[PDB]
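coords-v9.cif (mmCIF, C-alpha atoms and all ligand atoms)
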```
data_input
#
loop_
_atom_site.label_atom_id
_atom_site.label_comp_id
_atom_site.auth_asym_id
_atom_site.auth_seq_id
_atom_site.Cartn_x
_atom_site.Cartn_y
_atom_site.Cartn_z
CA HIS A 12 19.30 -18.89 13.48
CA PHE A 13 17.83 -20.59 10.40
CA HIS A 14 15.88 -23.87 10.71
CA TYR A 15 15.59 -26.16 7.68
CA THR A 16 13.06 -28.85 6.83
CA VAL A 17 13.41 -32.13 4.99
CA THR A 18 11.86 -30.49 1.94
CA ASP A 19 14.42 -27.68 2.20
CA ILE A 20 17.30 -30.14 2.38
CA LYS A 21 15.83 -32.13 -0.51
CA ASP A 22 15.68 -28.99 -2.68
CA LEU A 23 19.08 -27.84 -1.44
CA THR A 24 20.94 -31.05 -2.29
CA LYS A 25 19.01 -31.05 -5.58
CA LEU A 26 20.11 -27.44 -6.05
CA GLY A 27 23.78 -28.21 -5.46
CA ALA A 28 24.12 -26.13 -2.30
CA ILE A 29 26.50 -27.10 0.50
CA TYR A 30 25.77 -27.35 4.22
CA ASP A 31 28.31 -25.64 6.47
CA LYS A 32 28.60 -27.87 9.54
CA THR A 33 30.48 -25.36 11.68
CA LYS A 34 28.32 -22.48 10.45
CA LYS A 35 24.92 -24.10 11.14
CA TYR A 36 23.50 -23.14 7.72
CA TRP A 37 23.45 -24.08 4.02
CA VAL A 38 25.26 -21.96 1.42
CA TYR A 39 24.50 -21.40 -2.25
CA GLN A 40 26.19 -18.98 -4.64
CA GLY A 41 28.35 -17.69 -1.79
CA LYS A 42 25.32 -16.68 0.27
CA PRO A 43 23.64 -18.17 3.34
CA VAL A 44 20.44 -19.86 2.17
CA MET A 45 17.08 -18.55 3.35
CA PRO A 46 14.73 -21.55 3.93
CA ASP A 47 11.56 -22.00 1.88
CA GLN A 48 9.00 -21.12 4.56
CA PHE A 49 11.03 -18.16 5.81
CA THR A 50 11.34 -16.93 2.21
CA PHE A 51 7.61 -17.37 1.70
CA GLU A 52 6.58 -15.65 4.91
CA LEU A 53 8.84 -12.75 4.00
CA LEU A 54 7.68 -12.50 0.37
CA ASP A 55 4.01 -12.86 1.29
CA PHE A 56 4.49 -10.08 3.83
CA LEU A 57 6.07 -7.84 1.20
CA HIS A 58 3.28 -8.49 -1.30
CA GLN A 59 0.61 -7.73 1.28
CA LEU A 60 2.07 -4.27 1.85
CA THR A 61 2.75 -3.32 -1.77
CA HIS A 62 0.75 -5.75 -3.88
CA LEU A 63 3.42 -5.30 -6.53
CA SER A 64 3.28 -7.69 -9.49
CA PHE A 65 5.57 -10.67 -10.02
CA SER A 66 7.76 -8.94 -12.60
CA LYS A 67 8.02 -5.93 -10.31
CA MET A 68 8.93 -7.55 -6.97
CA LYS A 69 11.36 -9.88 -8.73
CA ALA A 70 13.28 -6.99 -10.30
CA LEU A 71 13.12 -5.05 -7.03
CA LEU A 72 14.50 -8.06 -5.19
CA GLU A 73 17.39 -8.75 -7.55
CA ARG A 74 18.18 -5.05 -7.27
CA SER A 75 18.02 -5.26 -3.47
CA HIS A 76 21.26 -7.26 -3.46
CA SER A 77 20.13 -9.58 -0.67
CA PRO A 78 22.72 -11.13 1.68
CA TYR A 79 20.62 -14.30 1.52
CA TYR A 80 19.85 -16.76 -1.26
CA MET A 81 16.06 -17.02 -1.09
CA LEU A 82 15.15 -20.67 -1.64
CA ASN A 83 12.46 -21.28 -4.24
CA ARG A 84 12.08 -17.53 -4.55
CA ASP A 85 10.50 -17.16 -8.00
CA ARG A 86 8.26 -20.21 -7.61
CA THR A 87 6.94 -18.93 -4.28
CA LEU A 88 6.72 -15.36 -5.59
CA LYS A 89 4.53 -16.50 -8.47
CA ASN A 90 2.23 -18.49 -6.18
CA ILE A 91 1.69 -15.48 -3.91
CA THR A 92 0.87 -13.03 -6.72
CA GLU A 93 -1.18 -15.52 -8.76
CA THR A 94 -3.33 -16.28 -5.71
CA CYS A 95 -3.63 -12.76 -4.32
CA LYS A 96 -7.34 -11.94 -4.55
CA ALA A 97 -6.73 -8.20 -4.13
CA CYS A 98 -4.43 -8.28 -7.15
CA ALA A 99 -7.06 -10.40 -8.88
CA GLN A 100 -9.76 -7.78 -8.34
CA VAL A 101 -7.66 -4.74 -9.30
CA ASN A 102 -6.94 -6.52 -12.59
CA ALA A 103 -10.34 -8.08 -13.29
CA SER A 104 -11.35 -4.63 -14.50
CA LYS A 105 -12.78 -4.93 -17.98
CA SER A 106 -16.23 -3.42 -18.57
CA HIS B 12 -20.22 22.39 -0.04
CA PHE B 13 -18.20 22.56 -3.27
CA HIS B 14 -16.17 25.68 -4.15
CA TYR B 15 -15.30 26.36 -7.80
CA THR B 16 -12.55 28.46 -9.34
CA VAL B 17 -12.45 30.53 -12.49
CA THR B 18 -10.50 27.75 -14.17
CA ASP B 19 -13.18 25.27 -13.10
CA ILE B 20 -15.94 27.45 -14.53
CA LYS B 21 -13.94 27.96 -17.72
CA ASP B 22 -13.58 24.19 -18.18
CA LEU B 23 -17.18 23.60 -17.14
CA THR B 24 -18.74 26.01 -19.63
CA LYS B 25 -16.30 24.59 -22.20
CA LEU B 26 -17.46 21.12 -21.16
CA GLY B 27 -21.14 21.94 -21.60
CA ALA B 28 -22.08 21.52 -17.94
CA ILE B 29 -24.84 23.57 -16.32
CA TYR B 30 -24.72 25.48 -13.05
CA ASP B 31 -27.66 24.89 -10.73
CA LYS B 32 -28.34 28.27 -9.10
CA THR B 33 -30.66 26.94 -6.39
CA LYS B 34 -28.46 23.89 -5.81
CA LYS B 35 -25.15 25.76 -5.38
CA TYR B 36 -23.23 23.41 -7.70
CA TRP B 37 -22.54 22.56 -11.36
CA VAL B 38 -23.98 19.44 -12.98
CA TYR B 39 -22.66 17.30 -15.82
CA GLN B 40 -24.05 14.01 -17.09
CA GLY B 41 -26.70 14.08 -14.38
CA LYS B 42 -24.10 14.22 -11.62
CA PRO B 43 -22.87 16.99 -9.32
CA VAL B 44 -19.46 18.08 -10.58
CA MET B 45 -16.41 17.56 -8.40
CA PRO B 46 -14.07 20.58 -8.85
CA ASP B 47 -10.58 20.16 -10.33
CA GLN B 48 -8.52 20.70 -7.17
CA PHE B 49 -10.85 18.54 -5.06
CA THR B 50 -10.62 15.81 -7.71
CA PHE B 51 -6.84 16.10 -7.75
CA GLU B 52 -6.42 16.06 -3.98
CA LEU B 53 -8.63 12.98 -3.84
CA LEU B 54 -6.91 11.16 -6.71
CA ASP B 55 -3.43 12.02 -5.47
CA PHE B 56 -4.45 10.68 -2.06
CA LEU B 57 -5.66 7.43 -3.61
CA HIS B 58 -2.48 6.99 -5.64
CA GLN B 59 -0.30 7.57 -2.60
CA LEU B 60 -1.99 4.70 -0.78
CA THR B 61 -2.11 2.19 -3.63
CA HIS B 62 0.32 3.48 -6.24
CA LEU B 63 -1.90 1.78 -8.81
CA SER B 64 -1.18 2.57 -12.46
CA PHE B 65 -3.21 4.90 -14.66
CA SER B 66 -5.03 2.11 -16.48
CA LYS B 67 -5.79 0.46 -13.16
CA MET B 68 -7.16 3.38 -11.12
CA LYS B 69 -9.17 4.57 -14.12
CA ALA B 70 -10.94 1.22 -14.49
CA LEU B 71 -11.39 0.97 -10.73
CA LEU B 72 -12.92 4.45 -10.70
CA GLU B 73 -15.36 3.89 -13.57
CA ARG B 74 -16.33 0.70 -11.78
CA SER B 75 -16.79 2.61 -8.52
CA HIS B 76 -19.89 4.28 -9.95
CA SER B 77 -19.14 7.65 -8.37
CA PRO B 78 -22.01 10.00 -7.44
CA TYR B 79 -19.79 12.84 -8.67
CA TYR B 80 -18.45 13.79 -12.09
CA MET B 81 -14.73 14.23 -11.43
CA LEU B 82 -13.59 17.27 -13.41
CA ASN B 83 -10.48 16.72 -15.52
CA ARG B 84 -10.22 13.26 -14.03
CA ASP B 85 -8.12 11.41 -16.62
CA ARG B 86 -5.84 14.40 -17.30
CA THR B 87 -5.15 14.80 -13.58
CA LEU B 88 -4.87 11.04 -13.08
CA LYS B 89 -2.20 10.83 -15.76
CA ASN B 90 -0.21 13.72 -14.27
CA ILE B 91 -0.17 12.09 -10.83
CA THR B 92 0.98 8.67 -12.05
CA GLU B 93 3.45 10.03 -14.62
CA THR B 94 5.10 12.16 -11.95
CA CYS B 95 5.02 9.67 -9.08
CA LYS B 96 8.67 8.96 -8.30
CA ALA B 97 7.83 5.81 -6.34
CA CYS B 98 6.07 4.42 -9.40
CA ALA B 99 9.05 5.62 -11.44
CA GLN B 100 11.50 3.63 -9.34
CA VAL B 101 9.45 0.41 -9.15
CA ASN B 102 9.35 0.49 -12.95
CA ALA B 103 12.89 1.67 -13.71
CA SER B 104 13.95 -1.91 -13.05
CA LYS B 105 14.48 -2.75 -16.73
CA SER B 106 17.14 -4.95 -18.33
CA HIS C 12 29.79 1.68 -4.57
CA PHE C 13 28.78 4.25 -1.94
CA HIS C 14 29.44 7.98 -2.49
CA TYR C 15 29.67 10.29 0.53
CA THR C 16 29.19 14.03 0.83
CA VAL C 17 30.85 16.61 3.04
CA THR C 18 27.77 16.60 5.25
CA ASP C 19 28.01 12.81 5.50
CA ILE C 20 31.67 12.98 6.51
CA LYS C 21 30.89 15.75 8.99
CA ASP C 22 28.20 13.60 10.64
CA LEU C 23 30.37 10.49 10.42
CA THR C 24 33.41 11.99 12.16
CA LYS C 25 30.97 13.53 14.65
CA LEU C 26 29.44 10.07 15.05
CA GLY C 27 32.77 8.39 15.72
CA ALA C 28 32.75 6.19 12.62
CA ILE C 29 35.95 5.20 10.83
CA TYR C 30 36.74 5.43 7.12
CA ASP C 31 38.26 2.29 5.61
CA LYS C 32 40.79 3.54 3.05
CA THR C 33 41.31 0.19 1.35
CA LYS C 34 37.60 -0.64 1.51
CA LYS C 35 36.32 2.63 -0.03
CA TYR C 36 33.62 3.11 2.64
CA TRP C 37 32.99 4.29 6.22
CA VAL C 38 32.21 1.81 9.01
CA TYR C 39 30.17 2.24 12.17
CA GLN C 40 29.19 -0.44 14.69
CA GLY C 41 30.88 -3.07 12.54
CA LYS C 42 28.70 -2.26 9.53
CA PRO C 43 29.34 -0.40 6.27
CA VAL C 44 27.66 3.00 6.56
CA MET C 45 24.78 3.87 4.25
CA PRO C 46 25.06 7.60 3.29
CA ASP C 47 22.38 10.10 4.28
CA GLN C 48 20.82 10.66 0.85
CA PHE C 49 20.89 6.96 -0.01
CA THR C 50 19.24 6.21 3.34
CA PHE C 51 16.63 8.87 2.70
CA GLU C 52 15.84 7.79 -0.84
CA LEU C 53 15.45 4.23 0.41
CA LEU C 54 13.31 5.14 3.44
CA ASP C 55 11.13 7.55 1.46
CA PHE C 56 10.59 4.79 -1.09
CA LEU C 57 9.56 2.36 1.63
CA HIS C 58 7.14 4.83 3.19
CA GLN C 59 5.54 5.58 -0.16
CA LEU C 60 4.68 1.90 -0.62
CA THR C 61 3.46 1.14 2.90
CA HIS C 62 2.82 4.50 4.52
CA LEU C 63 3.67 2.82 7.82
CA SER C 64 4.08 5.11 10.82
CA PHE C 65 7.40 6.12 12.38
CA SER C 66 7.14 3.72 15.30
CA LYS C 67 6.22 0.94 12.89
CA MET C 68 8.91 1.29 10.21
CA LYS C 69 11.55 1.85 12.89
CA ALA C 70 10.71 -1.43 14.65
CA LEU C 71 10.43 -3.21 11.31
CA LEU C 72 13.85 -1.88 10.33
CA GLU C 73 15.64 -2.83 13.55
CA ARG C 74 14.06 -6.25 13.12
CA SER C 75 15.26 -6.41 9.51
CA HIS C 76 18.84 -6.80 10.74
CA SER C 77 20.30 -4.59 8.01
CA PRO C 78 23.87 -5.21 6.77
CA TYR C 79 24.21 -1.42 6.62
CA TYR C 80 24.27 1.29 9.27
CA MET C 81 21.71 3.78 7.94
CA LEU C 82 23.09 7.26 8.58
CA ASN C 83 20.68 9.66 10.25
CA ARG C 84 18.03 6.98 10.01
CA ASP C 85 15.57 8.02 12.73
CA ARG C 86 15.91 11.74 11.99
CA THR C 87 15.21 11.16 8.30
CA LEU C 88 12.47 8.63 9.07
CA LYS C 89 10.66 11.17 11.23
CA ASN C 90 10.90 13.88 8.56
CA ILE C 91 9.40 11.59 5.93
CA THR C 92 6.44 10.47 8.04
CA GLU C 93 5.80 13.90 9.60
CA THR C 94 5.65 15.47 6.13
CA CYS C 95 3.74 12.73 4.34
CA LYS C 96 0.45 14.35 3.30
CA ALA C 97 -1.23 10.99 2.69
CA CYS C 98 -0.46 9.99 6.26
CA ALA C 99 -1.64 13.45 7.30
CA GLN C 100 -5.03 12.97 5.66
CA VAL C 101 -5.64 9.41 6.89
CA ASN C 102 -5.07 10.73 10.41
CA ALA C 103 -6.82 14.10 10.18
CA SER C 104 -10.03 12.13 10.62
CA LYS C 105 -11.99 13.62 13.49
CA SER C 106 -15.61 14.58 12.80
CA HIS D 12 -28.36 -5.35 -8.77
CA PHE D 13 -28.01 -6.36 -5.12
CA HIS D 14 -28.70 -9.95 -3.99
CA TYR D 15 -29.61 -10.61 -0.35
CA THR D 16 -29.36 -13.76 1.74
CA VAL D 17 -31.53 -15.11 4.51
CA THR D 18 -28.95 -13.92 7.02
CA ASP D 19 -29.07 -10.46 5.44
CA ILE D 20 -32.86 -10.34 5.68
CA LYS D 21 -32.71 -11.61 9.26
CA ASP D 22 -30.30 -8.80 10.22
CA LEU D 23 -32.24 -6.27 8.17
CA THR D 24 -35.63 -6.94 9.77
CA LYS D 25 -33.79 -7.03 13.11
CA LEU D 26 -32.21 -3.70 12.15
CA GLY D 27 -35.53 -2.07 11.32
CA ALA D 28 -34.82 -1.57 7.62
CA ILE D 29 -37.56 -1.69 5.00
CA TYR D 30 -37.61 -3.63 1.74
CA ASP D 31 -38.68 -1.63 -1.31
CA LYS D 32 -40.70 -4.06 -3.43
CA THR D 33 -40.74 -1.90 -6.56
CA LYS D 34 -37.10 -0.90 -6.09
CA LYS D 35 -35.69 -4.43 -5.66
CA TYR D 36 -33.59 -3.49 -2.61
CA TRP D 37 -33.71 -2.84 1.15
CA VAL D 38 -33.39 0.67 2.57
CA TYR D 39 -32.01 1.87 5.90
CA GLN D 40 -31.43 5.44 7.02
CA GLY D 41 -32.55 6.70 3.63
CA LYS D 42 -29.88 4.70 1.83
CA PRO D 43 -29.94 1.52 -0.26
CA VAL D 44 -28.50 -1.26 1.88
CA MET D 45 -25.27 -2.94 0.83
CA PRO D 46 -25.54 -6.69 1.66
CA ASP D 47 -23.20 -8.32 4.20
CA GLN D 48 -21.03 -10.33 1.80
CA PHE D 49 -20.77 -7.46 -0.67
CA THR D 50 -19.77 -5.15 2.20
CA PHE D 51 -17.20 -7.67 3.39
CA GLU D 52 -15.69 -8.31 -0.03
CA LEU D 53 -15.39 -4.56 -0.52
CA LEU D 54 -13.92 -3.85 2.93
CA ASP D 55 -11.52 -6.78 2.76
CA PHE D 56 -10.37 -5.48 -0.63
CA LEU D 57 -9.78 -2.02 0.81
CA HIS D 58 -7.83 -3.38 3.77
CA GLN D 59 -5.63 -5.50 1.52
CA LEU D 60 -4.54 -2.41 -0.41
CA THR D 61 -4.00 -0.04 2.52
CA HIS D 62 -3.84 -2.24 5.60
CA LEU D 63 -5.23 0.72 7.51
CA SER D 64 -6.33 0.06 11.10
CA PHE D 65 -9.92 -0.29 12.27
CA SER D 66 -10.13 3.20 13.73
CA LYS D 67 -8.64 4.60 10.54
CA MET D 68 -10.77 2.91 7.87
CA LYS D 69 -13.91 3.52 9.93
CA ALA D 70 -13.28 7.27 10.10
CA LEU D 71 -12.28 7.33 6.44
CA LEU D 72 -15.50 5.52 5.55
CA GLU D 73 -17.84 7.74 7.55
CA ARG D 74 -16.05 10.65 5.90
CA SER D 75 -16.52 9.07 2.48
CA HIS D 76 -20.25 9.79 2.66
CA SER D 77 -21.24 6.51 1.04
CA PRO D 78 -24.48 6.30 -1.00
CA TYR D 79 -24.96 2.85 0.55
CA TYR D 80 -25.64 1.67 4.09
CA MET D 81 -22.98 -1.01 4.59
CA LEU D 82 -24.61 -3.87 6.48
CA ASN D 83 -22.67 -5.10 9.50
CA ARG D 84 -19.91 -2.69 8.56
CA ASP D 85 -18.07 -2.23 11.87
CA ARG D 86 -18.43 -5.89 12.89
CA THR D 87 -17.01 -7.03 9.56
CA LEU D 88 -14.36 -4.30 9.59
CA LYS D 89 -13.12 -5.46 12.98
CA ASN D 90 -12.96 -9.11 11.88
CA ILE D 91 -10.86 -8.22 8.83
CA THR D 92 -8.33 -6.10 10.71
CA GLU D 93 -8.15 -8.38 13.77
CA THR D 94 -7.40 -11.36 11.53
CA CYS D 95 -5.05 -9.66 9.08
CA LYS D 96 -1.71 -11.40 9.56
CA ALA D 97 0.20 -8.62 7.80
CA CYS D 98 -1.20 -6.13 10.28
CA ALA D 99 -0.39 -8.66 13.02
CA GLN D 100 3.26 -8.80 12.02
CA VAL D 101 3.78 -5.06 11.55
CA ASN D 102 2.47 -4.63 15.10
CA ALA D 103 4.09 -7.63 16.79
CA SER D 104 7.25 -5.53 16.90
CA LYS D 105 7.00 -4.78 20.62
CA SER D 106 9.77 -4.49 23.22
ZN ZN A 201 -1.72 -8.42 -4.35
ZN ZN A 202 2.92 5.81 -7.43
ZN ZN A 203 2.49 8.15 4.49
ZN ZN A 204 -3.72 -5.52 7.28
#
```
As structure tokens, how would this structure be written, given the file I've shared?
Amino acid sequence: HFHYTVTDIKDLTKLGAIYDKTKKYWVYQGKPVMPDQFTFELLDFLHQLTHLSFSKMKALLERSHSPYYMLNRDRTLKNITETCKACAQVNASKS
Amino acid sequence: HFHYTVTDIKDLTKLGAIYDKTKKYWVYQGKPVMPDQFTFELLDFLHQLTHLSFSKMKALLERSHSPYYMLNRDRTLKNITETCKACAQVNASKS
Amino acid sequence: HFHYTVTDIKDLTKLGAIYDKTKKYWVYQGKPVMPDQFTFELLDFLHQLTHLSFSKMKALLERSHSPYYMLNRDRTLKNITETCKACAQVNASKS
Amino acid sequence: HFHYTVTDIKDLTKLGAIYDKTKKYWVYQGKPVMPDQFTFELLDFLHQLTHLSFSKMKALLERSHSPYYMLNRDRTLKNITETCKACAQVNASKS
């Protein structure tokens, strides 16, 4: 089961998502919403294993046709890539 | 010990490298020469684990300050990347 | 939409799955069935990016709670790992 | 050029390595010594891209026939792997 935080709810109401009382979870765009932290943990984990760029994971994700609406996906995705030091090194290569 | 093929020798003489009789191996640019197949096997192996692009591995390599002159490096490097289907998929995500 | 082959249907009927006429796809264990080739292409693609072992991807997959029943998953998963030369090299390391 | 710290020198003298005045660097086992932090940064970077286990990187390294003696290699290598959360997750899949 999904567990949401105040921040999550704040972003969700601000996003225009609905909370399904009987269902235990929020919905947006006809999908169950994946919380921010869950989304981050997942995305971080994916980047660690592939170290794919922002543009690349994003396209791969949208193509993955996820059952879940990943809250703050792109924002979190950027943070992860932009702060990945491994990615930073493999791209700091000018002579 | 390094083992060279006819093709290797053909490219080496064409490259202007010298063969060190007493040393058992060819030299180019003051480095022992890494044969073509050895170079390929190595590079392929590296690409499989990182799936880094051509431009990226190349820069990483030149920065690695290898003890060996990798025969037909760039040519082989291109082939590997250009024919990597995993790389092909992660980049076929265009709209 | 999913496209199935004779082989797929042969394994599916042999598996005890049902084909949903109106739905266009086979179902097994309450999930839409992912064809063999689709499953393979996907799994191969995952292994290429992580090169995780059999035991590891399997557990990761079962934990992923997939919406789809991946046809011939374990059999295909084994083949991929057992024939991955990169995995073969990183593990051929005895002195 | 290599830059060494007090800690490095402390471990180096304790290791029995010599410092080559004219050469600017310490030597151990006939190799130029790679400082601790440099070794760590390098090893961390390698683990990020492959997430190979301790036993695996170690064997791969020894097989790499490095020109440099990597200071505190195994100790640092362990720390990196043992504290890698990605590795922790991919292996926390136990039942
Ligand atoms: Zn990265
Ligand atoms: Zn690739
Ligand atoms: Zn593999
Ligand atoms: Zn790791």
Need the shell around residue B:26: protein/DNA/RNA residues with any atom at most 12 Å away, counting all atoms listed in the file. Skip same-chain ones fewer than 4 positions apart. Format as an mmCIF file with C-alpha atoms, in the frame of the given file?
```cif
data_model
loop_
_atom_site.group_PDB
_atom_site.id
_atom_site.type_symbol
_atom_site.label_atom_id
_atom_site.label_comp_id
_atom_site.auth_asym_id
_atom_site.auth_seq_id
_atom_site.Cartn_x
_atom_site.Cartn_y
_atom_site.Cartn_z
ATOM 1 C CA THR B 18 -10.500 27.750 -14.170
ATOM 2 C CA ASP B 19 -13.180 25.270 -13.100
ATOM 3 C CA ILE B 20 -15.940 27.450 -14.530
ATOM 4 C CA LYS B 21 -13.940 27.960 -17.720
ATOM 5 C CA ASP B 22 -13.580 24.190 -18.180
ATOM 6 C CA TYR B 30 -24.720 25.480 -13.050
ATOM 7 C CA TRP B 37 -22.540 22.560 -11.360
ATOM 8 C CA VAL B 38 -23.980 19.440 -12.980
ATOM 9 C CA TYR B 39 -22.660 17.300 -15.820
ATOM 10 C CA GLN B 40 -24.050 14.010 -17.090
ATOM 11 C CA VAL B 44 -19.460 18.080 -10.580
ATOM 12 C CA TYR B 80 -18.450 13.790 -12.090
ATOM 13 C CA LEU B 82 -13.590 17.270 -13.410
ATOM 14 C CA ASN B 83 -10.480 16.720 -15.520
#
```
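Nearest residue to ligand ZN 203 (chain A), choosing from D:16, D:77, D:61, D:50 and counting only C-alpha atoms and all ligand atoms: D:61.
Ranking C:29, C:104, C:34, C:62 by their shortest atom-to-atom distance to ligand ZN 203 (chain A), with only C-alpha atoms and all ligand atoms included, puts C:62 first.
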Axis-aligned box for all listed atoms of stretch 25-36 of chain D, 4 Å per side, centre and edges in Å to one decimal, as AutoDock Vina command-line options:
```
--center_x -36.5 --center_y -4.0 --center_z 3.3 --size_x 16.5 --size_y 14.1 --size_z 27.7
```
List all protein, DNA and RNA residues that have any atom at most 8 Å from ligand ZN 201 (chain A), counting all atoms listed in the file, and write the list as a compact mmCIF listing (two decimals) with C-alpha atoms, in the coordinates of the input.
```
# COMPACT_ATOMS: atom_id res chain seq x y z
CA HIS A 58 3.28 -8.49 -1.30
CA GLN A 59 0.61 -7.73 1.28
CA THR A 61 2.75 -3.32 -1.77
CA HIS A 62 0.75 -5.75 -3.88
CA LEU A 63 3.42 -5.30 -6.53
CA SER A 64 3.28 -7.69 -9.49
CA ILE A 91 1.69 -15.48 -3.91
CA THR A 92 0.87 -13.03 -6.72
CA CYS A 95 -3.63 -12.76 -4.32
CA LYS A 96 -7.34 -11.94 -4.55
CA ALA A 97 -6.73 -8.20 -4.13
CA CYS A 98 -4.43 -8.28 -7.15
CA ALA A 99 -7.06 -10.40 -8.88
CA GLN D 59 -5.63 -5.50 1.52
CA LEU D 60 -4.54 -2.41 -0.41
```
Taking all atoms listed in the file into account, which residues of chain D are within 7 Å of chain C, as a PDB file with C-alpha atoms, in the coordinates of the input?
```pdb
ATOM      1  CA  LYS D  67      -8.640   4.600  10.540  1.00  0.00           C
ATOM      2  CA  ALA D  70     -13.280   7.270  10.100  1.00  0.00           C
ATOM      3  CA  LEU D  71     -12.280   7.330   6.440  1.00  0.00           C
ATOM      4  CA  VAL D 101       3.780  -5.060  11.550  1.00  0.00           C
ATOM      5  CA  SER D 104       7.250  -5.530  16.900  1.00  0.00           C
TER       6      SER D 104
END
```
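Atom CA of residue D:90 is positioned 12.2 Å from atom CA of residue D:52.
Take atom CA of residue C:56 and atom CA of residue C:79: the distance between them is 16.8 Å.
Reported to one decimal place, the separation of atom CA of residue B:76 from atom CA of residue D:78 is 10.3 Å.
Closest approach to ligand ZN 204 (chain A) among A:57, A:36, A:88, A:46: A:57, based on only C-alpha atoms and all ligand atoms.
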Exercise. So which one's closest to ligand ZN 203 (chain A), C:43, C:81, C:55, C:86? Using all atoms listed in the file, please.
Worked result: C:55
Exercise. Using only C-alpha atoms, which residue out of D:13, D:47, D:94, D:75 lies closest to residue D:35?
Worked result: D:13
